[PDB]
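Presented below is the structure to which this report refers.
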Amino acid sequence: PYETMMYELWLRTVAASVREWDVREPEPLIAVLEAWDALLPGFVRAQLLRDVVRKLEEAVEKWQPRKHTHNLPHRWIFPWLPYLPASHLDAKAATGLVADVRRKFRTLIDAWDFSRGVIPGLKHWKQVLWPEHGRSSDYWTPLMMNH
Amino acid sequence: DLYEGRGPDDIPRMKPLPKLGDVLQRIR
Amino acid sequence: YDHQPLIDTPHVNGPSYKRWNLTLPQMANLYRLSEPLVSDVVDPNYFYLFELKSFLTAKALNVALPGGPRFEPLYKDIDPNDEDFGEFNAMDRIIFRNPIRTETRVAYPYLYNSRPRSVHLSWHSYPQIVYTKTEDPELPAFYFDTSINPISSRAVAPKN
Amino acid sequence: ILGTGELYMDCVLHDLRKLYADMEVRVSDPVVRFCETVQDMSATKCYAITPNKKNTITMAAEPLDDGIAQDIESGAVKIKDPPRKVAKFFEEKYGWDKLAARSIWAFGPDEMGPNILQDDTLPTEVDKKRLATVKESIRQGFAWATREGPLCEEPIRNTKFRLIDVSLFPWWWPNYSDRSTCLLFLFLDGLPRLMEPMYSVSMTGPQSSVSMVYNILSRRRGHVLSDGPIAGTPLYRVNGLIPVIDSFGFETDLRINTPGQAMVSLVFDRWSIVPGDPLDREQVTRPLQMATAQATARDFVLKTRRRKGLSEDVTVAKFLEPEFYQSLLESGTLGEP
Amino acid sequence: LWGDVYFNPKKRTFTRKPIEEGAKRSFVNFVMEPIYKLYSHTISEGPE
């Protein structure tokens with residue numbers, strides 16, 4: 001009973017806070033998650049992680065890699081990196097935050113002129129999307145060398 | 001944890017809270 | 001507890017006992033005395049897919065609603081093996097999402113059934129009842145209940 | 001038959017069986033009308049040579065910016081508006097170059113369609129009168145080709161085309177399938193994606209009902225945009241988003257599962273990107289089985305192709321000239337067939 | 001009758017603020033309470 005009441009009320013409040021808050025500053029949301037993660041059930045944690053991943057994927061899809069360089073996608077996705085799911089964080093996945101970041105980096109590399117300089121956040125994006133072991137699962141080196 | 005959270009079987013069906021006066025009456 | 005109550009009063013048409021008229025205090029007292037045997041249901045939306053037309057549609061479709069009756073089939077003629085691989089039964093052609101339930105097959109019988117014979121179109125919805133029965137007996141007829149969401153001035157907010 | 005929703009198509013199929021045709025009609029499982037788009041700009045400047053080897057067309061494709069498709073569908077700009085006003089609108093609103101905004105030729109598939117065609121060609125290299133005649137040919141050929149699209153023969157949205165230089169246009173062209181074909185291969189080089197329609201969900205009901213709405217949308221791949229009380233009532237209104245293909249049965253499931261009474265409206269809202277890459281040959285879906293989160297676009301496009309009767313896979317060889325096909329296969333821009 | 005205006009009775013005046021703490025709006029006092037009383041006395045009272 002307490003678990004389900006906490007699930008309903010607290011997860012609804014956390015989802016409302018996630019919808020209301022700005023994506024570019026996830027430090028207060030991460031602090032709330034760290035503080036309330038002791039009493040948070042697994043279902044509420046999974047739903048909150050799904051909402052956060054949806055907000056991050058929406059921000060990554062909506063932000064223009066060539067134009068909207070003020071809000072760094074790497075710095076925005078850094079705060080939710082440890083709590084992100086494996087499916088979203090997998091660079092080899094067809095859909096996900098990491099897949100969208102890799103596709104945006106490839107598009108920026110393809111449509112990037114030498115006069116504008118290097119792409120901001122590409123170093124941390126390649127650090128996130130570079131597998132430690134496995135040549136077939138490394139999506140950083142091949143996309144970079146092809147774009 | 002995420003699998004049990006997203007599992008339609010594992011995401012439990014909920015029920016409402018108890019009555020404290022009824023619990024005290026049951027104890028008495 | 002009279003045998004034919006109110007038969008000599010102006011509350012009935014006459015000794016043939018055929019038409020009655022009762023006052024509001026009398027009707028309220030009878031409702032309170034009949035409290036163990038009166039329906040609590042106020043919303044007509046309570047019986048969505050649990051009323052006669054839904055039961056008849058489920059009977060014609062040879063399906064059973066949750067909690068409802070079950071009958072002999074109306075049509076024991078269609079088997080998919082009779083509906084063998086002509087055009088439509090291609091599992092490689094049908095996109096499978098999460099499955100459609102019996103309640104949905106009954107709620108929309110012409111969309112979700114290939115041969116919807118003898119099915120009945122049930123009432124779709126009613127406006128939701130926002131009436132709640134007051135428990136506190138000292139409360140007046142008209143009062144802002146705690147169950148009602150409050151109206152704020154900035155919730156109204158004429159902007160421009 | 002394409003219609004608005006479950007009740008709409010129930011009424012339509014009732015009127016078909018009992019009112020107009022007066023017979024028994026076999027009806028499939030409901031599905032959605034898809035769309036197509038691109039998410040990366042074209043890397044290879046693709047060219048095509050006529051069957052008589054007179055004319056050559058060189059171009060590239062690009063995703064459009066946010067808001068152009070919705071503004072052109074609403075009618076902020078028109079193909080019959082003055083070109084100076086059209087160029088002024090694009091330059092002012094989207095930060096577009098004056099030359100490009102004046103060089104925008106075509107809206108596709110129709111006057112208010114969501115695809116645009118612009119020539120980045122130089123007048124120093126292309127003569128305008130031949131460019132005018134082949135431009136009208138490209139008008140109607142691009143219009144013919146953009147209804148189909150390469151993935152599942154479903155119309156394509158949110159696309160920009162740039163006709164690049166060097167492409168020379170001698171007189172007279174009666175064939176259309178050739179630059180249709182290079183538009184299709186240009187989409188493949190642009191690495192396309194599939195788009196599904198979205199219903200905006202809006203329910204009204206009590207608080208047990210809003211909890212159940214969150215649960216059922218979580219199962220059905222939707223999410224709650226907004227959630228509030230209705231002032232002066234004991235009701236709560238919850239707005240959200242769901243795909244149509246996952247919303248089949250959503251209203252009935254919600255109404256039979258909520259302990260209160262929830263009332264649901266499902267309206268068409270927008271087109272959104274389906275999860276997954278449609279061209280990923282790795283992703284395999286079992287028959288009779290729910291598509292995974294990564295294989296969803298692939299599963300949709302294969303079953304759409306097999307439903308329409310097309311080939312089992314996208315044919316780059318059919319979508320290319322053999323010479324440029326072999327050249328790009330040697331260069332490694334395209335994958336292994 | 002409509003709006004944030006109030007009817008002060010003995011002055012017979014329409015003012016943006018009430019003359020007494022708890023005086024009635026014009027719309028309430030002249031429209032909305034009569035309809036409430038019509039309903040309440042129609043369903044509540046006996047025939048005579």
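Data for the structure
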item	result
Separation of alpha-carbon centers, region D:234-260 and region D:149-204, rounded to whole Å	35 Å
Longest segment of chain A lacking trypsin sites (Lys or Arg not before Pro) that sit in a DSSP loop with at most 13 other Cβ atoms within 10 Å	A:68-134
Cleavage-rule hits, trypsin sites (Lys or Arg not before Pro), region E:14-48, DSSP coil, Cβ neighbours within 10 Å at most 12	E:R16
Neighbour cut-off at most 16 other Cβ (10 Å), DSSP loop, trypsin sites (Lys or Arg not before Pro), region D:241-315	D:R281
Sites E:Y36 and D:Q207 - FRET efficiency at Förster radius 25 Å, r taken between beta-carbons, to 0.05	0.30
Entries in A:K55/B:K15; D:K53/D:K308; A:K92/A:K126 that, when Cα-Cα distance is taken, lie over 21 Å	A:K55/B:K15; D:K53/D:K308
Pairwise label distance in nanometres, D:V166 with E:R12, each label 7 Å out on the Cα-Cβ vector	9.3 nm
Base-10 log of normalised Debye intensity for chain D (one unit scatterer per alpha-carbon) at q = 0.07, 0.14 Å⁻¹	-0.38, -1.18
Of C:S118, C:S34, C:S147, the one that fluctuates the most in a GNM where chain C has Cα springs shorter than 10 Å	C:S147
All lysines inside 25 Å of E:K10 as judged from Cα atoms, apart from same-chain residues fewer than 8 positions distant	E:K24, E:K37
Degrees between helix D:296-308 axis and first principal axis of chain D (Cα, 0 to 90, nearest 10)	80 degrees
Folded to 0 to 90 degrees: helix C:52-61 orientation relative to chain C principal axis, Cα	10 degrees
Which of A:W125, E:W2, A:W140 has the fewest Cβ neighbours within 10 Å, and the rest in rising order	E:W2, A:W140, A:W125
Sum of side-chain charges, D:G141 neighbourhood, beta-carbon under 11 Å (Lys, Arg +1; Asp, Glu -1)	+1
Label point distance in nm, A:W10-E:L1, each placed 7 Å from Cα along Cα→Cβ	5.5 nm
Zone of C:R101's modelled label, taken as backbone nitrogen in region D:253-282 under 16 Å from a point 7 Å along Cα→Cβ	D:253-264
Range of Cα positions in region D:1-87 per principal axis (Å), largest first	56, 39, 26
Calculated [θ] (222 nm, deg cm²/dmol) that DSSP helices of n ≥ 4 give over chain A, each run adding -39,500 (n - 2.57)	-18000 deg cm²/dmol
Max mean-square fluctuation residue, GNM over chain D, Cα-Cα springs under 10 Å, options D:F187, D:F161, D:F250	D:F250
Cα-projected label distance for C:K159 with C:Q4, points at 7 Å along beta-carbon direction, nm	6.9 nm
FRET efficiency for A:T69 and C:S147, using Cβ-Cβ distance with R0 set to 45 Å, rounded to 0.05	0.35
Cleavage-rule hits (trypsin sites (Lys or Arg not before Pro)) in region D:88-154: DSSP loop, at most 14 neighbouring Cβ within 10 angstrom	D:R147
Order of E:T13, D:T233, A:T107 under a 10 Å beta carbon neighbour criterion, fewest first	E:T13, D:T233, A:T107
Chain E: C-alpha pair distances exceeding 18 Å, %	40 percent
Hits among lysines - C-alpha to C-alpha of D:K78 under 18 Å, sequence gap 8 or more where chains match	D:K88, D:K93, D:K98, D:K160
Label point at A:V118 placed 7 Å out along Cα→Cβ; residues across region A:54-95 whose backbone nitrogen lies under 18 Å	A:66, A:69-70, A:72-76
Kyte-Doolittle at least -0.5, axis length at least 18 Å by Cα - qualifying DSSP helices, chain A	A:2-20, A:42-62, A:97-110
Angle between chain D longest axis and helix D:177-189 axis [Cα atoms, degrees, rounded to 10]	60 degrees
Set of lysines with alpha-carbon distance to C:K159 below 24 Å, sequence-local pairs under 8 removed	E:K17
Rounded if a/c under 1.5, otherwise prolate or oblate - chain C, Cα gyration tensor axes	oblate
Charge context of D:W171, other residues only, Cβ under 12 angstrom, K/R +1, D/E -1	+2
Under Karplus coefficients 6.51, -1.76 and 1.60, residue-wise ³J(HN,Hα) of region E:33-47 in Hz, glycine/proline x	5, x, 6, 4, 6, 4, 5, 5, 6, 6, 8, 9, 8, x, x
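Taken together, the values in this text are just the output of simple stated rules run on the coordinates, not laboratory data. Every residue, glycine among them, receives a Cβ derived from its backbone with ideal geometry; neighbour counts consider all protein chains shown.
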